[PDB]
Amino acid sequence: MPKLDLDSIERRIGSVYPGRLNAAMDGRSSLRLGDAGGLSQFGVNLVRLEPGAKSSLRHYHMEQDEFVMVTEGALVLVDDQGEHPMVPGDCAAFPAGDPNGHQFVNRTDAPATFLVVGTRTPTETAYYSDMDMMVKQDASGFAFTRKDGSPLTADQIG
Amino acid sequence: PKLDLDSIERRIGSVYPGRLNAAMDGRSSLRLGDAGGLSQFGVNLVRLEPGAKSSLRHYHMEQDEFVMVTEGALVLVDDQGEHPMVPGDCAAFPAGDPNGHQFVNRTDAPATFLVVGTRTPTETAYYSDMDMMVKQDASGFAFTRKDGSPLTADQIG
Ligand SMILES: C[As](C)(=O)[O-]
Ligand SMILES: C[As](C)(=O)[O-]
Ligand SMILES: [Cl-]
């Protein structure tokens, strides 16, 4: 049965961010549509942002292409060029390696949802625009460090 | 990074051979992934006029595929038969799973869907409803019977 049942898919909350940063994703939840569907080459997540919530800390990927479509509510795409409003049907593309850190923020008083597609790759590196952090992802998970590879500090993550 | 859908070229027609070419009358699409500079997967927004179909019923060997209906109502046709699909409904087709699929617009209203497909150097698609397959690569693509011999007059006119 290729047709997915969204009401059955587990709703995920929280984040992999370290220390105080985990709290930054309060109001973000998601359904992993790709995994539910048995796909392995890319991920597909339907992400829901409560009022005030954000999709991620502002970043860009080195290895994975990313595509987003807003499905409901209204969002703000924040990148190097500033704020870009996004309504339902609006789409954004983030080519792997393009050093323009991006995030979506819900500044409205209603929930907003968006579809995000990202290539699955054995390894990944993301750089965070707004602070001295980067992450290295492999099959075992995520290693967050400063941009020089040294550990994140208490001053940084509590 | 924000795409302008009114600016992207609307594509029509099909690469299907002979009489099958016209089978995709009423199908048009916007290549969103190319528009956006993406290389690792394709994203197409496909519009089906009433009666139109997404493709001849088929499955991919090498590429994963994902679909969400964005507007209107469609029918997903696969081995198990007909499955109605309304806006927000999604379907996933893992590479290699031999369950051929197509979308058909049996309403009187246009319907649109988003399709994502992995880009790979080579691909094979088998067609479920007739003796045909297609092999693709960098060099190009070729429609043949499933045994690799040429499609016949009896088959494609
Ligand atoms: C761990 As991330 C690339 O969603 O900030
Ligand atoms: C759109 As097709 C997989 O029948 O070439
Ligand atoms: Cl035949």
# chains A, B, ... in the order shown; residues from 1 in each chain; ligands from 1
call {"tool": "residues_near_ligand", "arguments": {"ligand": "ligand 3", "cutoff": "8 Å", "atoms": "only C-alpha atoms and all ligand atoms", "output": "count of residues only"}}
result
5
call {"tool": "residues_near_ligand", "arguments": {"ligand": "ligand 1", "cutoff": "7 Å", "atoms": "only C-alpha atoms and all ligand atoms", "output": "ChimeraX atom specification"}}
result
/A:16-17,56-57,59,61,126,135
call {"tool": "write_last_selection", "arguments": {"atoms": "N, CA and C atoms", "output": "short mmCIF file (atom, residue, chain, number, x, y, z; two decimals), in the first residue's frame"}}
result
data_model
loop_
_atom_site.label_atom_id
_atom_site.label_comp_id
_atom_site.auth_asym_id
_atom_site.auth_seq_id
_atom_site.Cartn_x
_atom_site.Cartn_y
_atom_site.Cartn_z
N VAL A 16 18.04 17.31 17.71
CA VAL A 16 19.37 16.84 18.02
C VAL A 16 20.32 17.97 18.49
N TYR A 17 19.83 19.20 18.69
CA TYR A 17 20.74 20.30 19.03
C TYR A 17 21.22 20.10 20.47
N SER A 56 14.68 25.12 12.05
CA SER A 56 16.08 24.80 12.28
C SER A 56 16.81 26.06 12.70
N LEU A 57 18.02 25.90 13.23
CA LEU A 57 18.93 27.03 13.37
C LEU A 57 19.47 27.32 11.96
N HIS A 59 21.27 27.52 8.75
CA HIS A 59 22.41 26.71 8.28
C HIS A 59 22.37 26.46 6.77
N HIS A 61 23.82 23.08 3.99
CA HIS A 61 24.42 21.75 3.81
C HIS A 61 25.51 21.75 2.77
N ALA A 126 27.04 20.40 7.89
CA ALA A 126 26.27 21.63 7.83
C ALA A 126 27.02 22.72 8.60
N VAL A 135 28.07 20.96 12.20
CA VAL A 135 27.73 19.59 12.53
C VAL A 135 28.29 18.65 11.45
#
call {"tool": "residues_around", "arguments": {"residues": "range 92-94 of chain A", "least_positions_apart": "2", "cutoff": "10 Å", "atoms": "only C-alpha atoms", "output": "tab-separated table (two decimals) with C-alpha atoms, in the first residue's frame"}}
result
chain	number	residue	atom	x	y	z
A	60	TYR	CA	23.46	25.28	4.92
A	61	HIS	CA	24.42	21.75	3.81
A	64	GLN	CA	22.63	17.32	0.35
A	65	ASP	CA	20.29	19.16	-1.95
A	66	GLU	CA	17.14	20.35	-0.23
A	67	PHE	CA	13.68	21.35	-1.46
A	68	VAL	CA	10.82	22.98	0.43
A	69	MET	CA	7.14	23.72	-0.36
A	70	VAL	CA	4.80	25.52	2.07
A	77	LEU	CA	12.37	32.25	4.83
A	86	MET	CA	6.26	32.23	1.85
A	90	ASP	CA	5.60	28.79	-2.45
A	96	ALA	CA	24.19	21.38	-1.82
A	97	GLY	CA	27.24	23.50	-1.07
A	98	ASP	CA	25.73	26.90	-1.74
A	99	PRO	CA	26.87	28.89	1.32
A	100	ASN	CA	23.60	30.67	2.04
A	101	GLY	CA	22.35	29.67	5.46
A	102	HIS	CA	18.60	29.30	5.64
A	116	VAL	CA	10.92	19.31	3.04
A	117	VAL	CA	12.88	16.91	0.79
A	118	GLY	CA	16.59	16.24	1.39
B	1	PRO	CA	16.33	30.41	-3.40
B	2	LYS	CA	12.55	31.25	-3.57
B	3	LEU	CA	11.25	30.00	-6.95
B	4	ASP	CA	8.99	31.97	-9.26
B	32	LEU	CA	11.07	23.01	-10.06
B	33	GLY	CA	14.29	21.23	-9.13
B	34	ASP	CA	16.15	22.37	-12.24
B	35	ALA	CA	14.71	25.87	-11.79
B	36	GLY	CA	16.26	25.84	-8.33
B	37	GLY	CA	19.67	24.46	-9.13
B	38	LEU	CA	19.15	20.96	-7.73
B	43	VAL	CA	11.02	17.92	-8.39
call {"tool": "closest_atom_pairs", "arguments": {"of": "chain B", "to": "ligand 2", "cutoff": "12 Å", "atoms": "only C-alpha atoms and all ligand atoms", "output": "CSV"}}
result
residue,atom,partner,partner_atom_place_in_ligand_line,distance
B:13,CA,ligand 2,1 (C),10.8
B:14,CA,ligand 2,1 (C),7.8
B:15,CA,ligand 2,5 (O),7.0
B:16,CA,ligand 2,5 (O),7.3
B:17,CA,ligand 2,5 (O),10.6
B:20,CA,ligand 2,4 (O),10.4
B:21,CA,ligand 2,4 (O),10.6
B:23,CA,ligand 2,4 (O),10.8
B:24,CA,ligand 2,1 (C),9.5
B:27,CA,ligand 2,1 (C),10.8
B:28,CA,ligand 2,1 (C),11.6
B:29,CA,ligand 2,1 (C),11.3
B:44,CA,ligand 2,1 (C),11.1
B:46,CA,ligand 2,1 (C),11.0
B:53,CA,ligand 2,1 (C),10.1
B:54,CA,ligand 2,1 (C),7.1
B:55,CA,ligand 2,1 (C),5.0
B:56,CA,ligand 2,4 (O),5.3
B:57,CA,ligand 2,4 (O),7.1
B:58,CA,ligand 2,4 (O),6.1
B:59,CA,ligand 2,3 (C),6.9
B:60,CA,ligand 2,3 (C),6.7
B:61,CA,ligand 2,3 (C),10.1
B:62,CA,ligand 2,3 (C),11.0
B:63,CA,ligand 2,3 (C),9.8
B:64,CA,ligand 2,3 (C),11.3
B:65,CA,ligand 2,3 (C),10.1
B:93,CA,ligand 2,3 (C),11.8
B:95,CA,ligand 2,3 (C),11.7
B:100,CA,ligand 2,3 (C),9.9
B:101,CA,ligand 2,3 (C),9.5
B:102,CA,ligand 2,4 (O),8.8
B:103,CA,ligand 2,1 (C),10.9
B:115,CA,ligand 2,1 (C),10.7
B:116,CA,ligand 2,1 (C),12.0
B:117,CA,ligand 2,3 (C),9.9
B:118,CA,ligand 2,3 (C),11.8
B:123,CA,ligand 2,3 (C),9.2
B:124,CA,ligand 2,3 (C),8.4
B:125,CA,ligand 2,3 (C),5.8
B:126,CA,ligand 2,3 (C),8.2
B:127,CA,ligand 2,4 (O),7.3
B:128,CA,ligand 2,4 (O),10.2
B:129,CA,ligand 2,4 (O),11.4
B:130,CA,ligand 2,4 (O),11.9
B:132,CA,ligand 2,4 (O),9.9
B:133,CA,ligand 2,4 (O),8.6
B:134,CA,ligand 2,5 (O),7.0
B:135,CA,ligand 2,5 (O),9.0
B:136,CA,ligand 2,5 (O),8.9
B:140,CA,ligand 2,5 (O),11.8
B:141,CA,ligand 2,5 (O),9.0
B:142,CA,ligand 2,5 (O),9.9
B:143,CA,ligand 2,5 (O),9.0
call {"tool": "write_last_selection", "arguments": {"atoms": "C-alpha atoms", "output": "PDB file, in the first residue's frame"}}
result
ATOM      1  CA  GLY B  13       4.065  16.331 -24.513  1.00  0.00           C
ATOM      2  CA  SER B  14       5.987  13.144 -23.719  1.00  0.00           C
ATOM      3  CA  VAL B  15       8.904  11.017 -24.863  1.00  0.00           C
ATOM      4  CA  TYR B  16       6.545   8.066 -25.485  1.00  0.00           C
ATOM      5  CA  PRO B  17       6.876   6.465 -28.920  1.00  0.00           C
ATOM      6  CA  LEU B  20       1.591   6.583 -27.149  1.00  0.00           C
ATOM      7  CA  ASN B  21       2.948  10.141 -27.369  1.00  0.00           C
ATOM      8  CA  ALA B  23      -1.479   9.513 -24.341  1.00  0.00           C
ATOM      9  CA  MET B  24      -0.050  12.400 -22.248  1.00  0.00           C
ATOM     10  CA  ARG B  27      -0.481  16.552 -18.723  1.00  0.00           C
ATOM     11  CA  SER B  28       1.881  19.528 -18.255  1.00  0.00           C
ATOM     12  CA  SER B  29       4.582  20.139 -15.671  1.00  0.00           C
ATOM     13  CA  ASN B  44       8.172  18.419 -10.826  1.00  0.00           C
ATOM     14  CA  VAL B  46       2.512  18.151 -12.649  1.00  0.00           C
ATOM     15  CA  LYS B  53      -2.699  10.831 -16.725  1.00  0.00           C
ATOM     16  CA  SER B  54       0.740  11.233 -15.140  1.00  0.00           C
ATOM     17  CA  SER B  55       2.314   8.439 -17.194  1.00  0.00           C
ATOM     18  CA  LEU B  56       1.731   4.962 -18.519  1.00  0.00           C
ATOM     19  CA  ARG B  57       1.516   2.594 -15.536  1.00  0.00           C
ATOM     20  CA  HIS B  58       5.108   1.773 -14.581  1.00  0.00           C
ATOM     21  CA  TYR B  59       7.751   1.261 -11.906  1.00  0.00           C
ATOM     22  CA  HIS B  60      11.427   2.303 -11.594  1.00  0.00           C
ATOM     23  CA  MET B  61      14.285  -0.076 -10.786  1.00  0.00           C
ATOM     24  CA  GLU B  62      16.775   2.483  -9.573  1.00  0.00           C
ATOM     25  CA  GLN B  63      15.021   5.656  -8.421  1.00  0.00           C
ATOM     26  CA  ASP B  64      12.868   6.214  -5.378  1.00  0.00           C
ATOM     27  CA  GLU B  65       9.805   8.330  -6.005  1.00  0.00           C
ATOM     28  CA  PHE B  93       7.305   4.165  -4.564  1.00  0.00           C
ATOM     29  CA  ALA B  95      13.072   1.807  -6.228  1.00  0.00           C
ATOM     30  CA  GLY B 100       3.489  -0.283 -11.364  1.00  0.00           C
ATOM     31  CA  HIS B 101       1.813   3.037 -10.711  1.00  0.00           C
ATOM     32  CA  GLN B 102       0.134   5.964 -12.534  1.00  0.00           C
ATOM     33  CA  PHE B 103      -2.161   8.826 -11.579  1.00  0.00           C
ATOM     34  CA  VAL B 115       6.565  14.465  -7.751  1.00  0.00           C
ATOM     35  CA  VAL B 116      10.123  13.915  -6.410  1.00  0.00           C
ATOM     36  CA  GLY B 117      12.442  11.380  -8.032  1.00  0.00           C
ATOM     37  CA  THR B 118      16.086  10.533  -7.404  1.00  0.00           C
ATOM     38  CA  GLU B 123      17.533   3.876 -15.004  1.00  0.00           C
ATOM     39  CA  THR B 124      15.124   1.160 -16.148  1.00  0.00           C
ATOM     40  CA  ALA B 125      11.332   1.486 -15.993  1.00  0.00           C
ATOM     41  CA  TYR B 126       8.962  -1.422 -16.733  1.00  0.00           C
ATOM     42  CA  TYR B 127       5.493  -0.710 -18.044  1.00  0.00           C
ATOM     43  CA  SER B 128       2.799  -2.749 -16.360  1.00  0.00           C
ATOM     44  CA  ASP B 129      -0.004  -2.654 -18.977  1.00  0.00           C
ATOM     45  CA  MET B 130       1.840  -3.656 -22.129  1.00  0.00           C
ATOM     46  CA  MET B 132       7.362  -2.224 -22.978  1.00  0.00           C
ATOM     47  CA  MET B 133      10.288  -0.932 -20.981  1.00  0.00           C
ATOM     48  CA  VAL B 134      12.562   2.061 -21.153  1.00  0.00           C
ATOM     49  CA  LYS B 135      16.268   2.298 -20.371  1.00  0.00           C
ATOM     50  CA  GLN B 136      17.852   5.667 -19.779  1.00  0.00           C
ATOM     51  CA  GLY B 140      19.774   9.213 -23.936  1.00  0.00           C
ATOM     52  CA  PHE B 141      16.753   6.915 -23.678  1.00  0.00           C
ATOM     53  CA  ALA B 142      15.297   3.987 -25.590  1.00  0.00           C
ATOM     54  CA  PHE B 143      11.825   2.436 -25.550  1.00  0.00           C
TER      55      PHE B 143
END
call {"tool": "select_by_dssp", "arguments": {"residues": "range 2-139 of chain B", "states": "strand (DSSP E or B)", "output": "PyMOL selection string"}}
result
chain B and resi 2+10-12+27-31+41-48+53+58-60+65-71+74-78+81-85+90-93+101-104+111-118+123-127+133-136
call {"tool": "atom_distance", "arguments": {"atom1": "CA of residue 124 in chain A", "atom2": "CA of residue 136 in chain A"}}
result
5.7 Å
